[PDB]
Structures are given as C-alpha cells and as structure tokens.
Amino acid sequence: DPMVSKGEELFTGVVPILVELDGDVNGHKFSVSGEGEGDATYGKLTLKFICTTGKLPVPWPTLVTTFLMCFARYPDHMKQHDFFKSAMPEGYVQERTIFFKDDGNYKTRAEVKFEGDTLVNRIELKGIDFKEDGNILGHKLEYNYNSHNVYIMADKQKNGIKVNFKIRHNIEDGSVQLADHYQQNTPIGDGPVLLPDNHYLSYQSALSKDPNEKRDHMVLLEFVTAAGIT
C-alpha cells in the first residue's frame, strides 16, 4: 500500500528527533531543547531535554506528554489506523489543554513535521492558574512515570483525530496529581490522511538523569504500541 509504504519509508529506520519548547507558566518564562532518536518499527523513542533558561519552573514529569505519536508501533493488522505517520512529511498540528486536578492548566500547540531527515516537534506552552504551593509550582511530583493507554478517535469534521486521557503523577505521600488531557491533531498539508477507527496507544515511559549533565534536564525513554482492534 503506497500510502502505508510512504510513512513506512519515512519511519521504517532510526530517525533523528529535535524538540523545541517555549513556555510561560504563571508568567515564569522558560525554554527547553531536546534531541534524540526514534525507531517506529519498535515503538521506541530515546530523548534528552535540557532547560536552556536555567531551572525548569515546573516538574519535568508534567512536560513528558507535551514533549511524538508518529513513533508508535502500529501492528501490521492496524496500519490503516495510523493517522500520525499518514500526515508526514508535511506533518500535523497537535494541540492540548491539560487540566491539573485542583490546580492550573497548560495549553499547548505543537507542529510535528520533518525538516529534512529530522523529525521536529516545535511547541508553545502557556500555563495559567497555578497555585503557588500546589504540586506543580511547589515541585511536589516524584521523578517517575506511570504506564497509560491513550484512546484515539477520528474527528472527521476536522480531518484529524481527537485524543483524550488522564495521566496520574505520583506524589511522595501516595496521593496522585491528576492531569486531564484533551488533545486534537490536524494535518498541516492538504494531502490524504488516515482517519482511524477508535483504538488506543499503550505507553510506557522511563525518566532518568545523565550523570554528566550539570544543566537542569530529563532523559526520557518511551515505548508506544497501538492496539485495541483485535
């Protein structure tokens, strides 16, 4: 299938990745740059993010979802349901509001597209309404990450998908900080895209530190696999 082969050719090997974020939470401005690689055949991403502005004013785990669904491994039986690769190389817009339970919210807009060989995720984040001494601004989140299933549906109206899901950030009293995600994706180009039947992506994420890195940073390893249509 030349449409499948096309994303299969853009993603059938290891693909360098760049991520650039400009953020403002409760007016605290910060920038982050990330680099790494993705191997869609295996659902694998490895990335290292650096805060280029000094200390990151929010917990690194609250940014994990914002910092590449085109790197999911879609099983061969499910290749018709891969919207994310179908939009490449021109790419897609990914927008979210993330509602933190009893606290503020992030609103993000990202463009995910190729720039030559490199797959770029360029993001603007605004955060509003955070409590000074809540779990976000107070840095009360553990540096770890649970596994989550993400439910994808078509938004045929908008020639894209809608994505909805709740992340649980563990807190160091056994509590969770809920982060309620509402997501919309739409293609950047005017070409054909795959509008999926409802399915999920299963995510696992591991957070770590580069023992040689003095800058505020996060090393992120994620495995992502599509399922949910036998």
# chains A, B, ... in the order shown; residues from 1 in each chain; ligands from 1
$ select_by_dssp --residues "chain A" --states "strand (DSSP E)" --output "ChimeraX atom specification"
/A:14-25,28-39,44-51,92-100,105-115,118-128,148-155,160-170,176-187,199-208,217-227
$ residues_around --residues "residue A:20" --least-positions-apart "3" --cutoff "10 Å" --atoms "only C-alpha atoms" --output "list in words"
residues 23, 31, 32, 33, 34, 35, 49, 50, 67, 110, 120, 121, 122, 123 and 124 of chain A
$ closest_residue --among "A:70, A:218, A:45, A:179" --to "residue A:98" --atoms "only C-alpha atoms"
A:179
$ residues_around --residues "residue A:183" --least-positions-apart "2" --cutoff "6 Å" --atoms "only C-alpha atoms" --output "list in words"
residues 95, 96, 162, 163 and 164 of chain A
$ write_last_selection --atoms "N, CA, C and O atoms" --output "PDB file, in the first residue's frame"
ATOM      1  N   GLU A  95      -2.574  19.929  19.444  1.00  0.00           N
ATOM      2  CA  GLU A  95      -2.951  20.925  20.437  1.00  0.00           C
ATOM      3  C   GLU A  95      -3.531  20.184  21.602  1.00  0.00           C
ATOM      4  O   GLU A  95      -4.207  19.207  21.423  1.00  0.00           O
ATOM      5  N   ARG A  96      -3.293  20.712  22.797  1.00  0.00           N
ATOM      6  CA  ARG A  96      -3.851  20.193  24.046  1.00  0.00           C
ATOM      7  C   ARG A  96      -4.275  21.332  25.025  1.00  0.00           C
ATOM      8  O   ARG A  96      -3.668  22.460  25.054  1.00  0.00           O
ATOM      9  N   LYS A 162      -8.933  13.120  17.654  1.00  0.00           N
ATOM     10  CA  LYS A 162      -9.168  13.628  18.990  1.00  0.00           C
ATOM     11  C   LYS A 162      -8.636  12.548  19.883  1.00  0.00           C
ATOM     12  O   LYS A 162      -8.829  11.305  19.643  1.00  0.00           O
ATOM     13  N   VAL A 163      -8.078  12.979  20.990  1.00  0.00           N
ATOM     14  CA  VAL A 163      -7.326  12.071  21.831  1.00  0.00           C
ATOM     15  C   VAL A 163      -7.697  12.555  23.234  1.00  0.00           C
ATOM     16  O   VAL A 163      -7.747  13.790  23.604  1.00  0.00           O
ATOM     17  N   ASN A 164      -7.996  11.597  24.083  1.00  0.00           N
ATOM     18  CA  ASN A 164      -8.409  12.006  25.408  1.00  0.00           C
ATOM     19  C   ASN A 164      -7.773  10.974  26.381  1.00  0.00           C
ATOM     20  O   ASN A 164      -7.507   9.806  25.963  1.00  0.00           O
TER      21      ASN A 164
END
$ residues_around --residues "residue A:27" --least-positions-apart "5" --cutoff "10 Å" --atoms "only C-alpha atoms" --output "list in words"
residues 126, 127 and 128 of chain A
$ closest_residue --among "A:147, A:170, A:225, A:26" --to "residue A:62" --atoms "only C-alpha atoms"
A:170
$ closest_residue --among "A:215, A:191, A:38, A:184" --to "residue A:109" --atoms "only C-alpha atoms"
A:184
$ residues_around --residues "residue A:3" --least-positions-apart "3" --cutoff "12 Å" --atoms "only C-alpha atoms" --output "number ranges by chain"
A: 6-10, 79-83, 85-89, 191-194
$ residues_around --residues "residue A:58" --least-positions-apart "4" --cutoff "7 Å" --atoms "only C-alpha atoms" --output "PyMOL selection string"
chain A and resi 136-137+139
$ atom_distance --atom1 "atom CA of residue A:71" --atom2 "atom CA of residue A:161"
16.1 Å
$ closest_residue --among "A:118, A:65, A:186, A:12" --to "residue A:93" --atoms "only C-alpha atoms"
A:186
$ closest_residue --among "A:212, A:177, A:202, A:46" --to "residue A:99" --atoms "only C-alpha atoms"
A:177
